[PDB]
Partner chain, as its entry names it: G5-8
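Below sits a lone chain in structure tokens, taken as the form solved without its partner chain.
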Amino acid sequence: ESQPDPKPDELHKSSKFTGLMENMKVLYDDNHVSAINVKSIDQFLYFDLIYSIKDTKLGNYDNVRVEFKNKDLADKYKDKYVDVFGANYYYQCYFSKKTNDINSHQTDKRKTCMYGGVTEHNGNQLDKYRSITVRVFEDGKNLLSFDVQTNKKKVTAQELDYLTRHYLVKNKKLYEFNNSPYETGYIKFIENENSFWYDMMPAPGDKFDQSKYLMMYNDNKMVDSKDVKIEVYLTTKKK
């Protein structure tokens, strides 16, 4: 069980962020990118892939740019049929501008951007959703547990993360417009000796960089739905 647990002073303090929690909230509200059995259709930079995924409700986007940590990840998934799932942003998002020569590009009307959140479709399917347990702790006490479901054998940490936080925003007011009732918090995934966590709170300051925050998912970290367990540790802001 190692990826050093955070030392209490290591975590971002929500009281140190003085600039609109709504921008964090939106990433984990009901909207998100999801598609099954799609194939990249273009590329803007050598470390990304462009997908033809239409916003199936709000009609907010027609193309989604998936950015990876490096060229390898983009190469691996180029041309392959994948499922996509993840938190997207719009504000600092941009790519291609047109189907121009020299500058390899394409994409017309309504774009969105995201990091990682990709898995091979083929051979990664289960008929019969697997249920992953989430145990949340508030100041040290296991106050509740809820389930998250995925029908993927291999699932990105991004998806389990979004799933978990989406429930907490709805039932625990994890993030609110201008604040959060929690001072610190982190999501811990556990497979085996392998455990890793993400800080759920925004960095100190007056502004939150959605793009920079969502960047932690660019490694396309995957996990096996059969071996994972998730624990959330929240601490209450000095009442």
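Residue numbers count along the first chain shown, from 1.
Although it is not shown, the form deposited with its partner chain bound is what the next lines describe.
With a cut-off of 4.5 Å between heavy atoms, is residue 52 one of the residues that contacts its partner chain in the deposited bound form?
So residue 52 does not count as contacting its partner chain.
How about residue 18 - does it come within 4.5 Å of its partner chain in the deposited bound form, if we only consider non-hydrogen atoms?
Although its partner chain is absent here, residue 18 would touch it in the deposited bound form, with heavy atoms inside 4.5 Å.
Check residue 187 for me: does it contact its partner chain in the deposited bound form (non-hydrogen atoms, 4.5 angstroms)?
Although its partner chain is absent here, residue 187 would stay clear of it in the deposited bound form, with no heavy atoms inside 4.5 Å.
Tell me, yes or no, whether residue 88 is in contact with its partner chain in the deposited bound form, where a contact means a heavy atom of each within 4.5 Å.
Result yes; residue 88 sits at the interface with its partner chain in the deposited bound form.
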